[PDB]
K.L.:
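The structure follows.
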Amino acid sequence: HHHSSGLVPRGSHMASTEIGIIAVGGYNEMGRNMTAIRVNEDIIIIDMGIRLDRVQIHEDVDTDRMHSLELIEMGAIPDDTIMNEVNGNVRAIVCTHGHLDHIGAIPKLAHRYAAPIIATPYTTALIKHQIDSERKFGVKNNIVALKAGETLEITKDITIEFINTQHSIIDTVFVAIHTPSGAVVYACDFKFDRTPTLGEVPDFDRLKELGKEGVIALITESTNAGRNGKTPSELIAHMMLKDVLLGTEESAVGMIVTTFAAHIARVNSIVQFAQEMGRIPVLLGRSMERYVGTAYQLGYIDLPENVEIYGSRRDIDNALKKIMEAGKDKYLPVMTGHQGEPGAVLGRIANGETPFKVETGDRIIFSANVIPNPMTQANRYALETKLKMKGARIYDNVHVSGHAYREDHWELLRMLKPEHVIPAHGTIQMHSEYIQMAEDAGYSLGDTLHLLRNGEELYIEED
Amino acid sequence: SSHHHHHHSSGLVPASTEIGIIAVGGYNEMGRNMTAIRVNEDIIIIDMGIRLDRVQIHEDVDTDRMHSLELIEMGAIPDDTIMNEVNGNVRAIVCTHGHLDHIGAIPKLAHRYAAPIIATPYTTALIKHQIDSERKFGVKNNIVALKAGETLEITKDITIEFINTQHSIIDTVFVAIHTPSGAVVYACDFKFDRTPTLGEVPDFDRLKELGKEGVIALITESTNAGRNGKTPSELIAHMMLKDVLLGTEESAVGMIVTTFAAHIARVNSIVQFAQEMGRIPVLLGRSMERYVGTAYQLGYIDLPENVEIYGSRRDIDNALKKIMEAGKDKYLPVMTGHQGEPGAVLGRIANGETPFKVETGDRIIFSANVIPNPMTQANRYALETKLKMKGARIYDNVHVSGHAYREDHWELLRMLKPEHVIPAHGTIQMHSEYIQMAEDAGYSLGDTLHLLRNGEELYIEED
RNA sequence: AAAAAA
RNA sequence: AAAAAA
Ligand SMILES: [Zn+2]
Ligand SMILES: [Zn+2]
Ligand SMILES: [Zn+2]
Ligand SMILES: [Zn+2]
């Protein structure tokens with residue numbers, strides 16, 4: 001009557017953890033990133049960012065005076081009101097680095113959470129400055145510096161680990177949240193760089209170790225997952241910049257370099273080249289003085305003792321007057337204004353509001369890309385037109401990306417071996433590209449590969 | 001009553017040379033370049049090239065068997081019949097380098113001119129091979145090897161000087177035709193590279209000397225004059241390739257590199273990297289063997305004694321079978337097929353017509369660009385689809401251009417100080433970009449800056 | 001941005 | 001691909 005069919009060994013389940021991946025902002029767009037990681041009833045927030053272009057489309061703005069609710073209505077700050085309906089209490093806010101798409105919304109949203117703000121030293125300095133620049137939301141959260149390779153136990157069941165990585169700003173980290181059932185890894189704004197000009201090479205060994213210890217979920221940026229191959233190293237930008245600055249038959253012509261003030265590796269390269277060219281490096285711009293000086297006071301960069309740094313309008317105008325009468329061949333001005341921002345040094349120069357006069361053949365080196373949005377594109381077009389009309393020669397895009405490419409994401413999937421993968425930090429189109437890469441690696445959409453929209457919670461019941 | 005005055009000039013001399021710039025091919029399109037420089041009745045032809053896409057659009061066509069007139073009707077070679085209306089006798093044919101857009105039409109057009117063919121040693125080797133495979137015209141011009149930095153006296157009034165430059169193939173030169181009234185400089189397919197991995201740095205000193213001695217006219221390529229800034233050095237391609245090949249956590253996976261067979265510097269880099277990776281470099285492909293062997297056999301490269309080189313179908317299939325049974329992680333195959341050419345090694349592999357089987361995770365590195373015309377785009381798309389469907393990971397465009405950018409052209413204008421400038425070697429759109437740069441430098445179109453079409457002769461007289 | 005092809 | 005603004 002009855003035949004035996006077979007046997008199956010049932011596994012043990014010694015620890016049941018309910019994980020929640022909550023997408024607050026930056027899953028439908030570039031900017032205003034915010035993620036919440038729930039471990040049963042505790043919540044770790046990662047990255048309260050701003051979306052700058054939605055600010056730029058309104059002329060009468062002054063983000064500093066606006067309340068967070070209007071900023072949410074504008075879509076510039078993550079709509080974190082969904083947090084009142086996530087089942088848990090926030091125990092920490094973590095920021096992976098100091099870019100505004102990760103810390104820009106801190107002074108508008110952090111004060112409502114009874115939780116510290118945990119970040120790397122440079123990031124904590126930048127967060128403190130960002131909060132100090134507003135006196136409308138009095139945000140006085142405890143601010144904790146956690147260095148890369150260090151751990152901090154936030155709950156008996158939750159620990160936070162920073163992993164060193166590379167990016168277009170120093171002191172970027174992966175975040176690993178360790179839970180009774182494994183690790184949740186957050187990797188947004190990262191880049192593998194085996195030859196960085198500043199810092200150490202990302203911790204591939206620890207990444208393999210984490211992959212072997214158990215990763216429940218990987219939250220990772222999708223920004224350049226559609227660019228084939230691997231990201232070029234910062235060394236490539238360094239060498240291209242060296243060739244533009246030194247490899248020329250027009251040594252004694254005027255030269256200006258503009259780049260991101262927070263791109264400390266790039267700025268460091270530029271000032272060392274200045275020493276090679278026999279020119280004095282002159283950093284111009286409030287943001288230049290702030291960011292480079294902060295880096296210097298934390299021991300992140302070294303600086304030649306002939307460097308000159310001016311952030312004040314009249315010190316800047318005076319330095320430019322001194323440069324003009326001493327000879328532009330005698331200095332290398334590194335200044336703000338690469339996106340044509342009004343009020344930045346290069347834009348005031350282009351408008352003739354300056355003692356510095358651009359002449360035919362003067363070289364202007366944009367060690368940056370143009371941010372692909374119509375607003376910044378219009379500003380850069382106006383600035384470049386003005387500079388070209390005064391005879392300047394433009395060296396654009398002397399630059400490499402700060403984001404992992406498709407094959408970098410492939411390698412990170414192979415190292416971390418996550419049970420689940422969640423693309424973050426982009427549009428649904430960038431997520432599409434990531435999804436096709438992840439399917440190539442074995443993941444399945446809606447099963448182990450998850451497409452989230454702003455305001456959605458993915459629940460993971462890990463045995 | 002009314003009165004004024006004027007000084008009449010003397011009709012006396014304080015012996016007249018007429019210069020002619022004749023555009024035959026390559027001024028309306030990419031490919032089939034050919035220029036004629038006339039000094040009163042003597043003519044120096046520069047570059048009889050082929051335009052390959054006009055061949056590719058016709059099904060199953062044997063250019064080697066075709067007459068010159070059918071090829072001209074196809075648009076695939078310069079229409080030199082206009083030479084029967086130019087008042088002079090051709091005294092020399094000069095080729096600036098061995099690319100097919102400069103030498104491909106030689107076995108169809110050179111034999112009708114009572115003149116030698118003058119080129120650099122490597123270029124002469126390639127020309128001799130090109131003639132040997134010709135099967136319709138009996139070509140018996142003498143081929144004279146002239147090294148860079150040497151001069152050769154062609155007529156009582158005309159000498160030819162080669163100046164070394166950098167390009168995507170070794171032994172490229174500028175040509176300076178010295179006449180009684182000054183020099184005519186031809187600079188097509190050149191690139192400034194202060195750190196080349198092969199050859200010497202272009203002779204900037206001689207270029208300045210020429211500019212000060214007197215240059216009547218500069219004929220120059222416009223190919224990338226619309227690219228802002230300066231061309232990245234070949235060292236950049238070298239370092240990107242080094243990082244792709246060496247910078248990975250997947251040491252023991254299969255890797256295949258494809259690149260231009262004539263890019264001897266790139267191939268040299270790849271083989272030295274193979275030595276670093278602990279793999280055996282195996283060059284596969286008829287063109288690979290021909291070009292690399294000619295370079296090695298003339299002392300342009302050195303090669304490790306473990307290198308293997310196979311141009312024959314069965315040596316190739318045997319080497320691939322040996323690679324599969326010895327382990328793909330133990331070899332670095334450098335092969336033809338980067339444009340998806342049918343019959344090339346990579347294409348036959350993708351078609352599964354070889355012992356080599358591509359598996360998931362195998363890396364295919366195109367150290368090349370996709371040539372922007374619909375035919376090669378279709379071929380590369382088919383090849384890439386086939387490779388991706390077999391699990392390959394694609395690293396594309398690990399590559400830098402071999403052509404000067406806008407500011408490189410600016411500095412060459414500043415060095416050579418030509419009286420007249422003539423853009424060549426591109427479409428009228430590329431010439432538009434050049435013209436806009438040259439107007440920035442003081443030239444005026446139709447006066448000292450001249451946009452010529454195929455089949456036009458520009459006259460340059462003495463004041 | 002000018003091949004591949006034995 | 002996330003600013004500037006003494
Ligand atoms: Zn960032
Ligand atoms: Zn970001
Ligand atoms: Zn060429
Ligand atoms: Zn060419």
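Atoms considered below: every heavy atom in the structure, side chains included; atoms not considered: hydrogens, waters and symmetry mates. Lettering of chains follows the sequences in order, A, B, ..., and the numbering in each one begins at 1.
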K.L.:
Would you please confirm or rule out a distance under 4.0 Å between OP1 or OP2 of C:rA3 and any side-chain N or O of B:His102?
P.N.:
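Answer no for this pair, as no side-chain N or O of B:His102 is under 4.0 Å from OP1 or OP2.
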K.L.:
Would you say C:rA5 has OP1 or OP2 under 4.0 Å from some side-chain N or O of B:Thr336?
P.N.:
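Checking B:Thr336 against C:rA5: at least one side-chain N or O falls below 4.0 Å of OP1 or OP2.
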K.L.:
Using a cut-off of 4.0 Å on non-hydrogen atoms, how would the nucleic acid contact of A:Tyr291 be classed: base, sugar-phosphate, or nothing?
P.N.:
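If one applies the 4.0 Å heavy-atom cut-off, A:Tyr291 turns out to touch the sugar-phosphate alone, with no base involved.
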K.L.:
So, is A:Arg286 near the phosphate of D:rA6, with a side-chain N or O under 4.0 Å from OP1 or OP2?
P.N.:
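Affirmative; the distance criterion is met.
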K.L.:
Map B:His167 and B:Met288 onto RNA chain C by nearest heavy atom, then report which one ends up closer to the 5' terminus.
P.N.:
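Its nearest nucleotide being more 5', the pick is B:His167.
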K.L.:
Could I get the full list of salt bridge (charged side-chain N to carboxylate O under 4.0 Å, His left out) partners for A:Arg314, not counting sequence neighbours?
P.N.:
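Applying salt bridge (charged side-chain N to carboxylate O under 4.0 Å, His left out) to A:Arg314 gives none.
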K.L.:
So what does A:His97 hit on the nucleic acid, given a heavy-atom distance under 4.0 Å: a base, only sugar-phosphate, or nothing?
P.N.:
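Contact class for A:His97: none.
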K.L.:
From the options C:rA1, D:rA6, C:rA3, select the nucleotide whose nearest atom is closest to the side chain of A:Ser312.
P.N.:
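For A:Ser312, the side-chain atoms sit closest to D:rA6.
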K.L.:
Taking any heavy-atom pair under 4.0 Å as a contact, classify A:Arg290: base, sugar-phosphate, or nothing.
P.N.:
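The answer is base, as A:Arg290 lies within the cut-off (heavy atoms under 4.0 Å) of a base atom.
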K.L.:
Atom CZ of B:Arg313 and atom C1' of C:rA6: how far apart are they, to the nearest Å?
P.N.:
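These atoms are roughly 7 Å apart.
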K.L.:
For A:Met30, run the side chain to side chain contact (heavy atoms under 4.5 Å, CB included) check against A:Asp101, A:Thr223, A:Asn373 and tell me which one passes.
P.N.:
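Answer to the side chain to side chain contact (heavy atoms under 4.5 Å, CB included) test with A:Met30 among A:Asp101, A:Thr223, A:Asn373: A:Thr223.
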K.L.:
If you look at every strand shown and take non-hydrogen atoms under 4.0 Å, does A:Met430 touch a base, only sugar-phosphate, or nothing?
P.N.:
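Base, at least one base heavy atom under 4.0 Å.
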K.L.:
Report the distance from atom CG of A:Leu126 to atom P of D:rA2, rounded to the nearest whole Å.
P.N.:
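Taking CG of A:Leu126 and P of D:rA2, I get 14 Å after rounding.
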K.L.:
Just checking B:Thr376: base, sugar-phosphate only, or nothing, at a heavy-atom cut-off of under 4.0 Å?
P.N.:
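The residue B:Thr376 makes base contact.
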K.L.:
Nearest-nucleotide wise, let me know which of A:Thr223 and A:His129 is further upstream toward the 5' end of RNA chain D.
P.N.:
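Mapping each residue to its closest nucleotide by heavy atoms, the 5'-most match is A:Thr223.
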K.L.:
Could you check whether B:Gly31 gets within reach of a base, just the sugar-phosphate, or nothing at all, counting any heavy atom under 4.0 Å?
P.N.:
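Answer is nothing: B:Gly31 stays at 4.0 Å or more from every strand.
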K.L.:
Where the side chain of B:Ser401 is concerned, which of D:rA2, D:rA1, C:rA1 is the nearest nucleotide?
P.N.:
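The closest nucleotide is C:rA1.
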K.L.:
Considering only D:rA2, C:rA2, D:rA1, which nucleotide approaches the side chain of A:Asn369 most closely?
P.N.:
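The listed nucleotide nearest to A:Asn369's side chain is D:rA1.
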K.L.:
Roughly, in whole Å, what's the span from CG in A:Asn351 to P in D:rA4?
P.N.:
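Whole-Å distance recorded here is 18 Å.
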K.L.:
Look only at the side chain of A:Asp47 and the backbone of A:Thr96, and say whether a donor-acceptor pair between them is shorter than 3.5 Å.
P.N.:
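Side chain of A:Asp47 to backbone of A:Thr96, a donor-acceptor pair under 3.5 Å: yes, one is there.
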K.L.:
Any chance you could measure A:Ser401, atom OG, to A:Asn224, atom CG, to the nearest 0.5 Å?
P.N.:
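Reported value, rounded in 0.5 Å steps: 4.0 Å.
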K.L.:
Indicate whether OP1 or OP2 belonging to C:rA2 is found under 4.0 Å from a side-chain N or O atom of B:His263.
P.N.:
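For C:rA2, OP1/OP2 do not have a side-chain N/O of B:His263 under 4.0 Å.
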K.L.:
At 4.0 Å (heavy atoms only), tell me whether A:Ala261 reaches a base, stays on the sugar-phosphate, or touches nothing.
P.N.:
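If one applies the 4.0 Å heavy-atom cut-off, A:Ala261 turns out to touch the sugar-phosphate alone, with no base involved.
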K.L.:
Less than 4.0 angstrom between a side-chain N/O of B:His403 and OP1 or OP2 of C:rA2, yes or no?
P.N.:
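Yes, B:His403 has a side-chain N/O under 4.0 Å of OP1/OP2 on C:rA2.
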K.L.:
For D:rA3, take OP1 and OP2 only and decide whether either is under 4.0 Å from a side-chain N or O of A:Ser287.
P.N.:
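No, no such contact exists.
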K.L.:
Hey, are A:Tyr434 and A:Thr220 close enough side-chain-wise for a donor-acceptor pair under 3.5 Å?
P.N.:
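Note: A:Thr220 and A:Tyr434 side chains miss the donor-acceptor criterion.
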K.L.:
Does any donor-acceptor pair link the side chain of A:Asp53 with the base of D:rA2 at a separation under 3.5 Å?
P.N.:
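It does, because a donor-acceptor pair links the side chain of A:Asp53 to the base of D:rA2 below 3.5 Å.
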K.L.:
Which comes earlier along RNA chain D counting from the 5' end, the contact point of A:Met30 or that of A:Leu284, where each point is its nearest nucleotide?
P.N.:
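Result of the comparison: A:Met30.
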K.L.:
Rounding to an integer number of Å, can you tell me how far B:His399 NE2 sits from C:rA3 P?
P.N.:
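For the pair B:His399 NE2 and C:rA3 P, the rounded distance is 12 Å.
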K.L.:
May I have the distance from B:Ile316 (atom CD1) to C:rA5 (atom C1'), rounded to whole angstrom?
P.N.:
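After rounding, the gap between these two atoms is 10 Å.
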K.L.:
Answer with base, sugar-phosphate or nothing: what part of the nucleic acid does A:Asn379 contact at a heavy-atom distance below 4.0 Å?
P.N.:
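The answer is nothing, as A:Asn379 stays clear of every strand by at least 4.0 Å.
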K.L.:
What integer distance in Å separates B:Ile349:CD1 from C:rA4:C1'?
P.N.:
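These atoms are roughly 15 Å apart.
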K.L.:
Quick one: closest heavy-atom pair of B:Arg266 and B:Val398, and the distance?
P.N.:
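Answer, listing the atom of B:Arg266 first, then B:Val398: NH1-O, 3.7 Å.
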K.L.:
Please report, rounded to the nearest Å, how far the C1' atom of C:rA1 is from the CZ atom of B:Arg51.
P.N.:
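Rounded to whole Å, this separation is 11 Å.
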K.L.:
Between A:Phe190 and A:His409, how do the two ring planes meet: parallel, tilted or perpendicular, split at 30° and 60°?
P.N.:
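Answer is perpendicular, since the angle exceeds 60°.
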K.L.:
Any idea which of D:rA2, C:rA4, C:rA6 is nearest the A:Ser168 side chain?
P.N.:
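Taking heavy atoms from C-beta onward, the closest nucleotide is D:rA2.
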K.L.:
Any side-chain N or O of B:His425 below 4.0 angstrom from OP1/OP2 of C:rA1?
P.N.:
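False: B:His425 side-chain N/O out of range (4.0 Å or more) of C:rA1 OP1/OP2.
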K.L.:
Pick base, sugar-phosphate or nothing for A:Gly285, based on heavy-atom distances below 4.0 Å to the nucleic acid.
P.N.:
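Sugar-phosphate contact only - A:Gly285 comes under 4.0 Å of backbone atoms but never of a base.
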K.L.:
Only one of B:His425, B:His403, B:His102 passes ring pair (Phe, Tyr, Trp, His ring centres under 6.0 Å) with B:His167; say which it is.
P.N.:
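Only one of B:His425, B:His403, B:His102 forms a ring pair (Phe, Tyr, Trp, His ring centres under 6.0 Å) with B:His167, namely B:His403.
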K.L.:
Quickly work out the A:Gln429 CD to D:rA1 P distance and round it to whole Å.
P.N.:
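Atom-to-atom, A:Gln429 to D:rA1, this comes out as 18 Å.
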K.L.:
Respond yes when some side-chain nitrogen or oxygen of B:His338 is under 4.0 Å from OP1 or OP2 of C:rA4, and no when none is.
P.N.:
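Looking at the OP1 and OP2 atoms of C:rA4, one of them is under 4.0 Å from a side-chain N or O of B:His338.
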K.L.:
Base, sugar-phosphate, or nothing: which does A:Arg348 touch, judged by heavy atoms less than 4.0 Å apart?
P.N.:
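Nothing, no heavy atom under 4.0 Å.
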K.L.:
What contact category does A:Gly337 fall into here, base, sugar-phosphate, or nothing, at under 4.0 angstrom with non-hydrogen atoms?
P.N.:
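If one applies the 4.0 Å heavy-atom cut-off, A:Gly337 turns out to touch nothing in the nucleic acid.
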